[PDB]
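Trainee: Just passing along the structure, written as structure tokens.
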Amino acid sequence: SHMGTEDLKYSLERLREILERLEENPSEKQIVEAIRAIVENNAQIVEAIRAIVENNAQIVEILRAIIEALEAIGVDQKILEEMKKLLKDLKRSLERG
Amino acid sequence: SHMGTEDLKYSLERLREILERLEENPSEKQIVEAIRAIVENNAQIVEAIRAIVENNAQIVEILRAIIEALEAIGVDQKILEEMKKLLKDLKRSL
Amino acid sequence: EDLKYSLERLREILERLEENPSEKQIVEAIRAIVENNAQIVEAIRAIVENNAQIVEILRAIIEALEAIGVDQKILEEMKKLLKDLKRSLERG
């Protein structure tokens with residue numbers, strides 16, 4: 001279970017610990033242990049990015065609903081147009097799965 | 001081509017397989033194998049982040065447009081200064 | 001921004017390791033990775049803090065729309081979407 005970016009700081013600090021332990025008394029098993037740790041840190045980095053991406057997708061949904069609110073109340077299409085173009089573009093260049 | 005975060009998931013599983021093999025039977029060839037796959041998974045991560053940072057600035061520009069519209073149509077100055085301050089306190093952090 | 005340098009540095013070190021695997025090279029690569037992962041975590045951290053400020057801006061925006069008199073239907077829609085973002089938001 002990924003809980004937040006503190007998972008990333010804790011797994012990074014553990015990796016820094018292994019690193020100094022490696023450079024002090026190098027050894028193959030220490031090298032494998034560093035790689036093991038790197039994989040744990042990377043697995044948590046990936047989990048964070050997936051969350052952030054879903055987050056931004058959900059932000060786009062809120063932004064679309066907001067544009068609808070402004071339209072449902074009679075705001076000028078002159079104004080809505082610029083917002084609709086920017087959101088269209090963002091929806092195109094959005095990082096997704 | 002970076003297609004999305006599914007790339008990160010796919011390069012990560014690959015690195016995990018390499019790691020299991022390395023751990024059941026270590027070897028110098030697999031250690032370099034793993035380090036190569038780490039640089040790969042990391043390159044894609046840097047690609048996703050790059051894309052997220054550009055996405056984020058696009059989101060902020062849309063927020064500014066929304067707030068500028070709100071002012072145009074006569075929202076109250078209390079909430080208006082409240083939103084403009086949030087944007088300024090974001091502009092600092094960036 | 002400075003994420004680039006940390007990745008390029010790491011890809012050049014990978015070359016030197018590719019040609020003549022040494023304990024020196026391997027350890028250099030790992031340290032270079034740690035630095036790259038350090039930059040990557042820091043970038044993610046900044047992004048996560050900024051999205052929590054984006055959430056607050058969205059809340060205030062929804063309040064300005066309710067204040068002006070947006071229909072309950074679209075309003076509830078917006079309130080539900082932000083509640084869902086708040087619940088799934090990446091944080092510390």
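Order determines the names: the first chain of the structure tokens is A, the second B, and so forth; residues in each chain are numbered 1 upward, and ligands are numbered 1 upward as they are shown.
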Please report, as CSV, each residue of stretch 23-75 of chain C lying at most 10 Å from stretch 39-61 of chain A, together with the nearest pair of atoms and the separation in Å rounded to one decimal; use only C-alpha atoms, and order rows by chain and ascending residue number.

Mentor:
residue,atom,partner,partner_atom,distance
C:34,CA,A:41,CA,9.8
C:37,CA,A:42,CA,8.0
C:40,CA,A:45,CA,8.0
C:41,CA,A:45,CA,7.2
C:44,CA,A:49,CA,7.6
C:45,CA,A:48,CA,9.6
C:47,CA,A:52,CA,8.2
C:48,CA,A:52,CA,7.4
C:51,CA,A:56,CA,8.5
C:54,CA,A:59,CA,8.8
C:55,CA,A:59,CA,8.5
C:58,CA,A:59,CA,8.8

Trainee: For the selection you just gave me, I'd like the residues written to a file as a compact mmCIF listing (two decimals), in the first residue's frame, keeping N, CA, C and O atoms.

Mentor:
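Output file out21.txt follows:
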# COMPACT_ATOMS: atom_id res chain seq x y z
N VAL C 34 20.98 7.10 -7.13
CA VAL C 34 20.47 7.68 -5.90
C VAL C 34 20.28 9.17 -6.08
O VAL C 34 19.27 9.74 -5.63
N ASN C 37 17.20 9.52 -8.34
CA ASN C 37 16.01 9.28 -7.55
C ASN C 37 15.78 10.39 -6.54
O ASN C 37 14.63 10.68 -6.20
N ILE C 40 14.12 13.01 -8.43
CA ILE C 40 12.81 12.60 -8.87
C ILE C 40 11.82 12.72 -7.72
O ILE C 40 10.66 13.09 -7.92
N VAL C 41 12.25 12.37 -6.52
CA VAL C 41 11.38 12.47 -5.37
C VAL C 41 11.06 13.92 -5.09
O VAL C 41 9.92 14.28 -4.76
N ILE C 44 8.49 15.20 -7.51
CA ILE C 44 7.17 14.69 -7.16
C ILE C 44 6.63 15.43 -5.96
O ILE C 44 5.44 15.77 -5.90
N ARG C 45 7.48 15.69 -4.97
CA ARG C 45 7.04 16.39 -3.77
C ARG C 45 6.48 17.76 -4.11
O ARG C 45 5.39 18.12 -3.67
N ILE C 47 5.26 18.80 -6.91
CA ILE C 47 4.02 18.62 -7.65
C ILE C 47 2.87 18.32 -6.70
O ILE C 47 1.76 18.82 -6.87
N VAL C 48 3.11 17.47 -5.71
CA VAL C 48 2.06 17.06 -4.80
C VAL C 48 1.63 18.23 -3.91
O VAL C 48 0.44 18.40 -3.61
N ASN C 51 -0.57 20.60 -6.04
CA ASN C 51 -1.92 20.14 -6.33
C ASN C 51 -2.83 20.33 -5.12
O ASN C 51 -4.05 20.46 -5.28
N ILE C 54 -4.01 23.63 -5.65
CA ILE C 54 -5.00 23.64 -6.72
C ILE C 54 -6.37 23.25 -6.19
O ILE C 54 -7.40 23.80 -6.60
N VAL C 55 -6.40 22.29 -5.27
CA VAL C 55 -7.65 21.86 -4.65
C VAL C 55 -8.31 23.02 -3.92
O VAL C 55 -9.52 23.21 -3.99
N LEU C 58 -9.82 25.38 -6.38
CA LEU C 58 -11.06 24.83 -6.90
C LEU C 58 -12.21 25.01 -5.91
O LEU C 58 -13.35 25.26 -6.32

Trainee: Could you list, with a cut-off of 6 Å and counting only C-alpha atoms, the residues of chain A near chain C, each shown with its nearest atom pair and the distance in Å rounded to one decimal, rows sorted by chain and ascending number, as CSV?

Mentor:
residue,atom,partner,partner_atom,distance
A:4,CA,C:92,CA,4.4
A:5,CA,C:92,CA,4.4
A:6,CA,C:92,CA,5.0
A:51,CA,C:90,CA,5.9

Trainee: Considering only C-alpha atoms, can you say which of B:62, B:46, B:18, B:39 comes closest to chain A?

Mentor: B:62

Trainee: For atom CA of residue B:83 and atom CA of residue B:68, determine how far apart the two atoms are, in Å to one decimal place.

Mentor: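 Here the two named atoms are 10.4 Å from each other.
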
Trainee: Quick one: residues within 9 Å of residue B:65, only C-alpha atoms, excluding same-chain residues fewer than 4 positions away - as a PDB file with C-alpha atoms, in the first residue's frame?

Mentor:
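As a result, part-v9.pdb now contains:
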ATOM      1  CA  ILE A  79     -15.425  34.128 -22.723  1.00  0.00           C
ATOM      2  CA  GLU A  82     -10.929  30.656 -24.705  1.00  0.00           C
ATOM      3  CA  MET A  83     -11.504  28.305 -21.751  1.00  0.00           C
TER       4      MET A  83
ATOM      5  CA  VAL B  60      -3.079  26.899 -13.621  1.00  0.00           C
ATOM      6  CA  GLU B  61      -3.611  28.939 -16.769  1.00  0.00           C
ATOM      7  CA  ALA B  69     -14.087  35.500 -15.780  1.00  0.00           C
ATOM      8  CA  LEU B  70     -15.512  35.502 -12.257  1.00  0.00           C
TER       9      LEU B  70
END

Trainee: Output as a CSV table (one decimal) with N, CA and C atoms, in the first residue's frame the set of chain B residues within 9 Å of chain A, with distances taken over only C-alpha atoms.

Mentor:
chain,number,residue,atom,x,y,z
B,3,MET,N,4.0,6.8,-24.0
B,3,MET,CA,2.6,6.8,-24.2
B,3,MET,C,1.8,7.1,-23.0
B,4,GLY,N,2.4,7.0,-21.8
B,4,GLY,CA,1.6,7.2,-20.6
B,4,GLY,C,2.2,6.4,-19.4
B,5,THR,N,1.5,6.4,-18.3
B,5,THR,CA,2.1,5.8,-17.1
B,5,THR,C,2.1,4.3,-17.2
B,6,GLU,N,1.4,3.7,-18.2
B,6,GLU,CA,1.5,2.3,-18.4
B,6,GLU,C,2.9,1.9,-18.8
B,7,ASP,N,3.7,2.8,-19.4
B,7,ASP,CA,5.1,2.5,-19.7
B,7,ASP,C,5.8,2.3,-18.4
B,8,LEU,N,5.6,3.1,-17.4
B,8,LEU,CA,6.3,3.0,-16.1
B,8,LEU,C,6.0,1.7,-15.5
B,9,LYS,N,4.7,1.2,-15.6
B,9,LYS,CA,4.3,-0.1,-15.0
B,9,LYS,C,5.0,-1.2,-15.7
B,12,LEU,N,8.8,-1.3,-15.0
B,12,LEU,CA,9.0,-1.7,-13.6
B,12,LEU,C,8.9,-3.2,-13.4
B,15,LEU,N,12.1,-4.8,-14.6
B,15,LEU,CA,13.1,-4.7,-13.7
B,15,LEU,C,12.9,-5.6,-12.5
B,16,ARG,N,11.7,-5.9,-12.1
B,16,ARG,CA,11.4,-6.8,-11.0
B,16,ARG,C,11.8,-8.2,-11.4
B,19,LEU,N,15.4,-8.6,-11.3
B,19,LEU,CA,15.9,-8.6,-9.9
B,19,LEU,C,15.7,-10.0,-9.3
B,22,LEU,N,18.4,-12.1,-10.6
B,22,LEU,CA,19.6,-11.7,-10.0
B,22,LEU,C,19.8,-12.2,-8.6
B,23,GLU,N,18.7,-12.2,-7.8
B,23,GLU,CA,18.8,-12.6,-6.4
B,23,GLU,C,18.8,-14.1,-6.2
B,26,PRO,N,23.0,-14.7,-8.4
B,26,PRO,CA,23.7,-13.5,-8.8
B,26,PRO,C,24.8,-13.7,-9.8
B,27,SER,N,25.2,-12.7,-10.5
B,27,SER,CA,26.2,-12.7,-11.5
B,27,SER,C,26.5,-11.3,-11.9
B,28,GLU,N,27.7,-11.0,-12.4
B,28,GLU,CA,28.0,-9.7,-12.8
B,28,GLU,C,27.2,-9.2,-14.0
B,31,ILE,N,23.9,-8.0,-12.8
B,31,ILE,CA,24.0,-6.7,-12.1
B,31,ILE,C,24.0,-5.6,-13.1
B,34,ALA,N,20.4,-5.4,-14.6
B,34,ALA,CA,19.5,-4.6,-13.7
B,34,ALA,C,19.8,-3.1,-13.8
B,35,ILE,N,21.0,-2.8,-13.8
B,35,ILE,CA,21.3,-1.3,-13.8
B,35,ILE,C,20.9,-0.7,-15.1
B,38,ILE,N,17.1,-0.2,-14.7
B,38,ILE,CA,16.8,0.9,-13.9
B,38,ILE,C,17.0,2.2,-14.6
B,41,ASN,N,13.7,2.5,-16.7
B,41,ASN,CA,12.6,2.8,-15.9
B,41,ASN,C,12.7,4.3,-15.5
B,42,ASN,N,13.9,4.7,-15.2
B,42,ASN,CA,14.0,6.1,-14.7
B,42,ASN,C,13.8,7.1,-15.8
B,45,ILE,N,10.2,7.6,-16.2
B,45,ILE,CA,9.7,8.3,-15.1
B,45,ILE,C,9.9,9.8,-15.3
B,48,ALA,N,7.4,11.0,-17.8
B,48,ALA,CA,6.0,11.3,-17.2
B,48,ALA,C,6.0,12.5,-16.4
B,49,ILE,N,7.0,12.8,-15.6
B,49,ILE,CA,7.1,14.0,-14.8
B,49,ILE,C,7.1,15.2,-15.7
B,51,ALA,N,5.9,15.6,-18.5
B,51,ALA,CA,4.6,15.8,-19.0
B,51,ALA,C,3.6,16.3,-18.0
B,52,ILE,N,3.8,15.9,-16.7
B,52,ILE,CA,2.9,16.3,-15.6
B,52,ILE,C,3.2,17.8,-15.3
B,54,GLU,N,4.1,20.1,-17.4
B,54,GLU,CA,3.5,20.9,-18.4
B,54,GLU,C,2.0,20.8,-18.2
B,55,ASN,N,1.4,19.7,-17.9
B,55,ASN,CA,0.0,19.6,-17.6
B,55,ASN,C,-0.4,20.5,-16.4
B,56,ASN,N,0.5,20.6,-15.4
B,56,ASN,CA,0.1,21.4,-14.2
B,56,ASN,C,0.1,22.9,-14.6
B,58,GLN,N,-0.7,24.1,-17.5
B,58,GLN,CA,-1.9,24.3,-18.3
B,58,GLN,C,-3.1,24.4,-17.3
B,59,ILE,N,-3.2,23.6,-16.3
B,59,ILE,CA,-4.2,23.7,-15.3
B,59,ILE,C,-4.3,25.1,-14.6
B,61,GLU,N,-3.2,27.9,-15.8
B,61,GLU,CA,-3.6,28.9,-16.8
B,61,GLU,C,-5.1,28.9,-16.9
B,62,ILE,N,-5.7,27.7,-16.9
B,62,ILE,CA,-7.2,27.6,-16.9
B,62,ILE,C,-7.8,28.2,-15.7
B,63,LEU,N,-7.2,27.9,-14.5
B,63,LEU,CA,-7.7,28.5,-13.3
B,63,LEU,C,-7.7,30.0,-13.4
B,65,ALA,N,-7.9,31.9,-16.0
B,65,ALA,CA,-9.0,32.3,-16.9
B,65,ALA,C,-10.3,32.2,-16.2
B,66,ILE,N,-10.6,31.2,-15.4
B,66,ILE,CA,-11.8,31.1,-14.7
B,66,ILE,C,-11.9,32.3,-13.7
B,69,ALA,N,-12.7,35.5,-15.4
B,69,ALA,CA,-14.1,35.5,-15.8
B,69,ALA,C,-15.0,35.8,-14.6
B,70,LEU,N,-14.7,35.2,-13.4
B,70,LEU,CA,-15.5,35.5,-12.3
B,70,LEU,C,-15.5,37.0,-11.9
B,73,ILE,N,-17.8,39.0,-14.2
B,73,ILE,CA,-19.2,38.9,-14.1
B,73,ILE,C,-19.7,39.4,-12.8

Trainee: Can you build me a table of chain B residues sitting at most 7 Å from chain C, with the closest atom pair per residue and its distance in Å to one decimal, using only C-alpha atoms, sorted by chain and residue number, as a Markdown table?

Mentor:
| residue | atom | partner | partner_atom | distance |
| --- | --- | --- | --- | --- |
| B:75 | CA | C:64 | CA | 6.5 |
| B:79 | CA | C:64 | CA | 6.6 |
| B:83 | CA | C:57 | CA | 6.0 |
| B:86 | CA | C:57 | CA | 6.3 |
| B:90 | CA | C:53 | CA | 6.6 |

Trainee: Next, dump the selected residues to file, keeping only C-alpha atoms, as a PDB file, in the first residue's frame.

Mentor:
ATOM      1  CA  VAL B  75     -18.242  38.098  -8.020  1.00  0.00           C
ATOM      2  CA  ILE B  79     -13.852  35.536  -2.267  1.00  0.00           C
ATOM      3  CA  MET B  83      -8.693  33.172  -4.837  1.00  0.00           C
ATOM      4  CA  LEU B  86      -4.176  31.315  -3.397  1.00  0.00           C
ATOM      5  CA  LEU B  90       1.056  29.057  -5.689  1.00  0.00           C
TER       6      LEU B  90
END

Trainee: At what distance in Å, to one decimal, does atom CA of residue B:72 lie from atom CA of residue A:71?

Mentor: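 Atom-to-atom, atom CA of residue A:71 to atom CA of residue B:72, that is 14.1 Å.
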
Trainee: Using Å and a single decimal, report how far atom CA of residue A:12 sits from atom CA of residue B:50.

Mentor: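 It comes out at 20.8 Å.
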